[PDB]
Every structure is written in structure tokens, then in C-alpha cells.
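Engineer: just need the structure, nothing else, for what follows:
(one chain, ligands or ions: 1)
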Amino acid sequence: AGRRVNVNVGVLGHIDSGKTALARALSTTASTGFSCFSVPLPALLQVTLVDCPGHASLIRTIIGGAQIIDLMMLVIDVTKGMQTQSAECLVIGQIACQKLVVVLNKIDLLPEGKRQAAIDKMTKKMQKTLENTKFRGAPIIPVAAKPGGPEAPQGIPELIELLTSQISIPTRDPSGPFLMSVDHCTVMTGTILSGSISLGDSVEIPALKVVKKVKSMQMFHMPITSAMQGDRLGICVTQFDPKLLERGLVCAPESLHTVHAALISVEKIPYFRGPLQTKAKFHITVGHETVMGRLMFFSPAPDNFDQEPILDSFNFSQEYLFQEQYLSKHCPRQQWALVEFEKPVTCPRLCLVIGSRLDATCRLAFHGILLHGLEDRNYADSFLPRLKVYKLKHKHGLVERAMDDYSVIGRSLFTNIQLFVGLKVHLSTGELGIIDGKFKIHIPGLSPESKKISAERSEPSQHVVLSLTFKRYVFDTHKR
Ligand SMILES: Nc1nc2c(ncn2[C@@H]2O[C@H](COP(=O)(O)OP(=O)(O)O)[C@@H](O)[C@H]2O)c(=O)[nH]1
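Structural biologist: Numbering: from 1, shown residues only. There you are, the coordinates:
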């Protein structure tokens, strides 16, 4: 559409930072649910200022929205500094967007004498701070929006000049499945996260359990036949109860799925102090819903330990090595983790999973994509034992006698020995043998060395080694 191009802007900050306050300060001074403003573009143009009541909401609102977040603005109170939340908000941002702008709000609490040179204190700190972040170059704008406080605008048009500058470069695809994030509610006003629309289309409301029809839609001047991704319009629909859903998920019917467990693609956050231990609970926020699952990790094999990153699929045919801790720091190019939730969460496919750090350093740990969402409540009795997690369990024994040239004796294995008979075994010398208390080994081909070496020579290390493959869920196994 030649007129009215839209881009979403994530407004980030602390619970008392002035985020919600800077919107109105921008919208109001536009050219004279969510707020926004307009302006020409020398490639109209409107930018909805994403916001929310608090944090948790503003997070869950930015994760599943990532694919539509075009740029992140960072609000800061030029007195408190860079408060707690103002830090988490800065990484999640790094995950979703690709650029950001940092503004110093409340630029009225500084005395004129010590302000311009106290401003630079943070401008320096922020700059240096961002040096270790993909938002490494983010410009900074000192600005005071409500110069008095609650009851009682500074350099706002300036903040608009910048906002548009980095607001360049967008791309949107309508081919996906429909997804709209409701922020107003019978009418429904939200933002389109995935897919395309058209009058007469069918829409689902998983919160209410039903599919309604799009009687009409209206955004700014009424015309509307179809919307694309990133747009922000309102879907007029059946006079259902506009109360049960004042902010929720709407999409194509049968488009979402309810998941009891999922195979994410894992990736620790650098700034995460600590390890990533299999079986370590977490606070997972998947798409737009935060459910507490558990983890498990696993990795590829050494042969293709550096295979390309397949970030959209899953090559379920090949096997995978079990890992007790995320290998951080030759290494792997990426790894995964069979999440297992407590509550039947329910959300998109390939949705941007994130979740970490439950406890009584930063609180965020990793982030990943959802490459597969198990839907059966019995993912253990159905899909699970079929998986191929290689659990390399080793053993070692010591060789002693030499019955013949095709026989030896061993004694180890901390046993049963009637359930392992036949497994391919290898002596400390290099020859191969087939395990045929006590022991009974065979050998096709003994070697020349061990043949020379009761017994004789004092057995300078007749060592016996074993290596068998243990798929995590099958009953017992082989190797090769
Ligand atoms: N002193 C002062 N306070 C400001 C100024 N601008 C905004 N605020 C404060 O911003 C607070 C609201 O924060 P807000 O971002 O709406 O919180 P949220 O809506 O929970 O994110 C109000 O209580 C104001 O006191 C300002 O210019 N000077």
C-alpha cells in the first residue's frame, strides 16, 4: 500500500521507567490499545509503539511477536541509572530485533548545572555497556517527556527524527498461517504476526474454542479487503461476548497446536553464569505462554559434528548423542533438547522458545526455536522410545591367561555375562575379540605381541575395553 506503511516498535524499560508515559508523548505530538504516529518516508508511515501493563506481559508480548518487532527503543530514568528489568529487556531485545535506540527519560530531574555533563555519564556507560551486545551501536537520545511528574515534552520531535532513521528496512511475508495478537476487544484490534487475510475468511479463537467469520475489518480509513503481516487493523466479527478475551491469540482454525513436550533447538545466553544441566527445571516462555517444563540435551555425532545449521526442520532419521551438559567452551555447531512441560502448553510451530533461571547474575539462560511439538499426552508410549539418543556406556577388563591362539580369559565388569555374550570387544593390544565369577573371550585375528606376552611376563597390561551403544528408551542394546 503506497499510503500507510506500518512498523512495530518495542518499547522497553523498567516497571517505573516511564515507558507507558513516552508513548502518549509521541502519539499526542504525532503530526500536531496501542499508540502511534505518522510521518512521510523518503525511501504516509505509522509506527505502533508496542507496550503493555508491566513486564511479564511485555515479554510474552515481544517473544511471540518477535517476527513483527522491527526495532527496540530503550527508556531510561536519568536518575536511577540502568535498573534491574532494564537489563533483561536488553537481551530478549537482542534475540528478537536487530537494532535498537536508547533514550534517557526523565531528563528533568537533573539540575541544569550538573545535567548536560551528568547525562554524558550514562551516555558513556550505556555506549560502553552496549559494546558487548549486538545492539552495539544504538544511538542515544536524552529526553524528558513529562517535566513535572504525575500531576504537575522536551526534545520529542528530535526523538522522532531518530526513530524514523533506524526505522528504515522492513520485509514481510503473507504466505504463512494467519496469526493475530489481540490487544483490543464484538470487535478485535491487534497485529498480524503470520499470514494473510481477506473478507469472508474464517478465524479461530482457541481461548473461547470456536471459529468465527470476518464480517468486516476497518483500519484508519475503512477500506479493507486483505491485510498482510505487520499490519494493524480490526476484524469485525459476530456479536460474541467481547469480555472473555481482552488480549489473546486469534488465528486460522486448526493452526495452533497443544503441546505436552517439544524438541527445541537450544542455545545458552553468553551472559549466563553457570552450566546447562540435563534434567534442570526452567521457566519456559514459549511463544506467548509461559509454562514451566524440564530439559534434556543432545547433540550430533563427531563425523558431522560441524554440519550446517538446520534451523527450520529436524532430520529425525539420523542419530543423536546424549549430553549431560550443554557443550560450551572443535565443539558442535548447534544442539537440541527434549523439553517436557508440566502443563499442556499450546502455541505455534517453529515458535521462538525461551525460558530460564528459576530460583529463590542474569536470570535468562538460553533461547531456541520449537522444531517439533509432541501432541500426545503419552509421548513416552508413542513417539519417545523410537527416538535415537546414543548413550555411550563403556567398560574395561583385564586380560590374563591365554588358553589357545583363539581364546583368552578376563575378569572385570562390576554381573550377568549371559546377556552380553557376543558383544564386540577389543584388547589393549589392538586385536578384536568377541566376548564368548569368570570370563571367556574369543578372537579371530592372538596378536603377535600379546602372544609373546598362570601367565608370563607379569601381564604388562593385558587390558580389555568395550564400547556399546545405548539408545535411551529401548530396553537394551548394540554398537557399531
Ligand atoms: N519526574 C518525572 N517523572 C516522569 C516523567 N515522565 C514520566 N515520568 C514518570 O513515569 C511514570 C509512569 O511510568 P510508566 O512507563 O507509565 O510505567 P508502566 O506504564 O508501568 O511502564 C509516572 O509515574 C511518572 O511519574 C518526567 O518527565 N519527570
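
Engineer: phi, psi of residue 283?
Structural biologist: phi -120, psi 70 (degrees, to the nearest 10).

Engineer: I figured it hits residue 357, correct?
Structural biologist: Yes - counting by C-beta atoms under 8 Å, residue 283 does reach residue 357; the two are 6.5 Å apart. C-beta coordinates here come from the backbone N, C-alpha and C atoms, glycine included.

Engineer: report the contact partners of residue 283.
Structural biologist: Residues in contact with residue 283 (C-beta atoms under 8 Å, 6 or more residues apart in numbering) are 290, 292, 355, 356, 357, 358.

Engineer: what's the PyMOL syntax to select whichever of those residues are buried?
Structural biologist: A single PyMOL command suffices to select whichever of the contacts of residue 283 are buried according to 16 or more other C-beta atoms under 10 Å:
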select buried, resi 290+355+356+357
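
Engineer: now the two most distant members of the contacts of residue 283.
Structural biologist: 290 and 357 (12.5 Å; C-beta to C-beta).

Engineer: could you find the closest non-adjacent residue to whatever residue of the chain ends up closest to the ligand?
Structural biologist: The ligand sits closest to residue 20 of the chain, with a gap of 2.7 Å, by C-beta to the nearest ligand atom. What sits nearest to residue 20 in space, not counting adjacent residues and going by C-beta to C-beta, 6 or more residues apart in numbering, is residue 51, at 5.7 Å.

Engineer: how many neighbours does that neighbour have?
Structural biologist: Number of residues near residue 51 (other C-beta atoms under 10 Å) recorded here: 22.

Engineer: ok, it touching residue 27?
Structural biologist: No - using C-beta under 8 Å as the test, residue 51 is too far from residue 27 to be in contact (10.7 Å).

Engineer: overlap in contacts of those two?
Structural biologist: Taking C-beta under 8 Å, 6+ apart as the contact criterion, the common neighbours of residue 51 and residue 27 are residue 35.

Engineer: all strands for the stretch 201-350 of the chain, in order.
Structural biologist: 202-204, 211-218, 234-237, 249-251, 257-266, 284-285, 293-294, 297-299, 320-323, 335-347 (DSSP state E, counting those that start in this stretch).

Engineer: between the contacts of residue 283, which sits nearest residue 428?
Structural biologist: Distances from residue 428 to the contacts of residue 283, taken as C-beta to C-beta, are shortest for residue 356 (44.7 Å).

Engineer: would you confirm that that closest one contacts residue 282?
Structural biologist: Yes - Residue 356 is in contact with residue 282 according to C-beta under 8 Å; the separation is 5.3 Å.

Engineer: ok, now how distant is residue 273 from residue 244?
Structural biologist: Per C-beta to C-beta, to the nearest Å, residue 273 is found 42 Å from residue 244.

Engineer: who's more crowded, these two?
Structural biologist: For residue 273 versus residue 244, the count of surrounding residues by other C-beta under 10 Å is larger for residue 244: 12 against 9.

Engineer: how about the more buried one, nearest residue that isn't a chain neighbour?
Structural biologist: In space, residue 244 is closest to residue 208, 5.9 Å off (C-beta to C-beta, 6+ apart).

Engineer: need the contact list for that neighbour.
Structural biologist: 240, 244, 245.

Engineer: could you dump those into JSON lines with distance to the ligand added?
Structural biologist: As requested, those are exported to JSON lines (distance: C-beta to the nearest ligand atom, whole Å):
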{"residue": "240", "distance to the ligand": "30"}
{"residue": "244", "distance to the ligand": "25"}
{"residue": "245", "distance to the ligand": "22"}
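
Engineer: burial of residue 121, as a residue count?
Structural biologist: Residues near residue 121, counting by other C-beta under 10 Å: 12.

Engineer: residue 20 now?
Structural biologist: When neighbours are counted by other C-beta under 10 Å, residue 20 comes out with 17.

Engineer: that one - that's part of a strand, no?
Structural biologist: No - applying DSSP: H, G, I helix; E, B strand; the rest coil, one finds residue 20 to be helix, outside a strand.

Engineer: just to revisit the earlier point, now, which of the contacts of residue 208 sits nearest residue 70?
Structural biologist: Set against residue 70, the nearest of those by C-beta to C-beta is residue 245 (26.2 Å).

Engineer: look up the closest residue to that closest one, ignoring the ones flanking it.
Structural biologist: Using C-beta to C-beta, 6+ apart, the closest residue to residue 245 is residue 207 (5.1 Å).

Engineer: tally of neighbours for that neighbour?
Structural biologist: 13.

Engineer: separation between it and residue 240?
Structural biologist: 11 Å.

Engineer: which SS class is residue 9?
Structural biologist: Applying three-state DSSP: residue 9 is strand.

Engineer: pairing partners for it in the sheet, please.
Structural biologist: In this entry, residue 9 is beta-bridged to residue 49, residue 71, by DSSP bridges.

Engineer: please identify every residue contacting each of residue 356 and residue 282.
Structural biologist: residue 365.

Engineer: which residues of the protein lie near the ligand?
Structural biologist: Applying C-beta under 6 Å from any ligand atom, one finds that the chain approaches the ligand through 15-21, 54, 105-106, 108-109, 144-147, 149-150.

Engineer: if you set the cut-off to 5 Å instead, what comes out?
Structural biologist: Taking C-beta under 5 Å from any ligand atom as the criterion, the chain approaches the ligand at residues 18, 19, 20, 21, 106, 108, 144, 145, 146, 149, 150.

Engineer: and the longest helix belonging to the chain, what does it pack against?
Structural biologist: Looking across the chain with DSSP state H, the single longest helix is helix 112-130. Contact here means 3 or more C-beta pairs under 8 Å, 6 or more residues apart in numbering; DSSP states H and E; on that basis helix 112-130 packs against strand 100-105, strand 140-142.

Engineer: got the contact list for the closest residue to residue 167 other than its chain neighbours?
Structural biologist: In this structure, residue 167 finds its nearest non-sequential neighbour in residue 7, 5.6 Å apart by C-beta to C-beta, 6+ apart. Taking C-beta under 8 Å, 6+ apart, we find residue 7 in contact with 45, 47, 70, 71, 167, 170, 230.

Engineer: can you add neighbour count and give those back as TSV?
Structural biologist: As requested, the contacts of residue 7 are exported to TSV (neighbours: other C-beta atoms under 10 Å):
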residue	neighbour count
45	16
47	23
70	23
71	24
167	20
170	14
230	22
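
Engineer: in helices only, show me the residues you listed.
Structural biologist: Going by DSSP H, the helices hold none of these.

Engineer: okay, strands next: where are they in the stretch 51-200 of the chain?
Structural biologist: 69-77, 100-105, 140-142, 179-184, 189-194.

Engineer: could you dump those strands into a markdown table with distance to residue 411 added?
Structural biologist: Formatted as a markdown table, the strands of the stretch 51-200 of the chain follow (distance: least, C-beta to C-beta, whole Å):
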| stretch | distance to residue 411 |
| --- | --- |
| strand 69-77 | 64 |
| strand 100-105 | 65 |
| strand 140-142 | 72 |
| strand 179-184 | 64 |
| strand 189-194 | 63 |
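
Engineer: of all these, which lies closest to residue 89?
Structural biologist: If you check each of the strands of the stretch 51-200 of the chain against residue 89 by C-beta to C-beta, strand 69-77 wins as the nearest, at 7.3 Å.
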